[PDB]
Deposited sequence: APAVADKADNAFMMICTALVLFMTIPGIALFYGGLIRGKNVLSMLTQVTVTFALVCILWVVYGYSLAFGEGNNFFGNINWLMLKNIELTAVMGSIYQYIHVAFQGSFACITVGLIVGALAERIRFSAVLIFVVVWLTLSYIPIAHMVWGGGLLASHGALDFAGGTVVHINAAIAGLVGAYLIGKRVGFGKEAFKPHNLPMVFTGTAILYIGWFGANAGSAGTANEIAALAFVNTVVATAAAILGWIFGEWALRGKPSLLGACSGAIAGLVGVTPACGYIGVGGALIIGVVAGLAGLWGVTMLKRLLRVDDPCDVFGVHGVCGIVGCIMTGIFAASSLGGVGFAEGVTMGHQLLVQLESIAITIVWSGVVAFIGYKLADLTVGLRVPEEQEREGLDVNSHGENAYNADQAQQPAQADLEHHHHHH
């Protein structure tokens, strides 16, 4: 007799709006000020159209396969166009319709992160094909594997808000793209800004409820982002003699990414230590072919966050505590496996997607 709680309903609809704010115009504007000015309009168009396409595919089969009961790798196809979901169906403590909208907005932003990164160098029709393939055969199974009670979840993987599902997944997809293939810094910062605010929806929302864990995630997000900014900036001041706007904006992102899988499981001590290590590591990454340094931050910091969750979730270290019977040893192993599975899964799919495009319309923008 599952009963929807209006307080949770309220929180999760607003959180869905926030995550939606991340893509439209968040990620669009972030990339907008980074890419060559002659490429901006084509990019914003591509993000917008691919946003739309993702919203639709999610409704048709996206949600059903991501989040329906199935196997360890995917759901099913009987929630097609959300059929058999009663309007009053409750998932967790919120109406299911709001879970669809929430989970959909994650799908959008992830796609937004790859589209914007590669909009400069890929044909319009070729990114569409890619999106369709990689949403379907990478993001959806991994979503299901991590948040849909599939393989990774069934083996105790900690990923509170999408270090694998979003960050690693997309960073590897981006890297594959570049392998096969700033002009407005106020615009970049504005994007970073919208991304940051939008990100409280993503991290607190992942609690599914306005509780003490939503509260922990929110606090940890503020903390680790700030730690990452200062860590990056300090590093930049040491390496380059001075902080920069792009470094500060990059810092914030590095720690937002690092804290993503962790925010709901760690103490503020942990959030701070993670923000610092994520900020430095992100700086290290972009100091070491990667489009708009998407792996250099998302990939590198995605890995750092996911590994460091396997440590800082420990009650000893201020976390919520590992599950019963789980050692920090074993949990670390499982994160490594989650990470490695994501990297390979996305990579292989990315390769299939781009190649499908490359053999139907061509990658190379005319």
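Annotation: deposited residues 1, 183 to 194, 302 to 308, 387 to 424 are not represented by C-alpha coordinates in the model.
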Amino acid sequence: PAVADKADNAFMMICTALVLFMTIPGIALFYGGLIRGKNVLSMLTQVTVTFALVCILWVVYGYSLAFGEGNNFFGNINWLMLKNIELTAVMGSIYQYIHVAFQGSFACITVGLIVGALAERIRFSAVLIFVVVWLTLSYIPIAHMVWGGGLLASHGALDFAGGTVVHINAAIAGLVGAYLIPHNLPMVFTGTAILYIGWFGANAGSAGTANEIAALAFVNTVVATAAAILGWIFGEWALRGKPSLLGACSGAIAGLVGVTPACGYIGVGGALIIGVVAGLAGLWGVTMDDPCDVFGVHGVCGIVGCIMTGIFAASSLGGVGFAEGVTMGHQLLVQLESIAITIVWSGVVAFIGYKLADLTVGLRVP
From here on, numbers count along this sequence of modelled residues.
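Higher mean CA B-factor, judged across 162 to 170 and 133 to 141 from the recorded values: 162 to 170. The mean Cα B-factor in the deposited entry runs higher for 197 to 205 than for the other of 255 to 263 and 197 to 205. Going by the entry's values, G75 shows the largest Cα B-factor out of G104, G75, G92, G156. Among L41, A323, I35, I341, the highest C-alpha B-factor in the deposited entry belongs to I35.
Annotation for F312: CA B-factor lies in the highest third of the chain's modelled residues.
Among the modelled residues of the chain, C15 sits in the lowest third by CA temperature factor in this PDB entry.
Ranked by Cα temperature factor within the chain, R240 sits in the middle third according to the deposited record. When all modelled residues of the chain are sorted by CA temperature factor, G177 is found within the highest third. When the modelled residues of the chain are ordered by their C-alpha B factor, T110 lands in the middle third.
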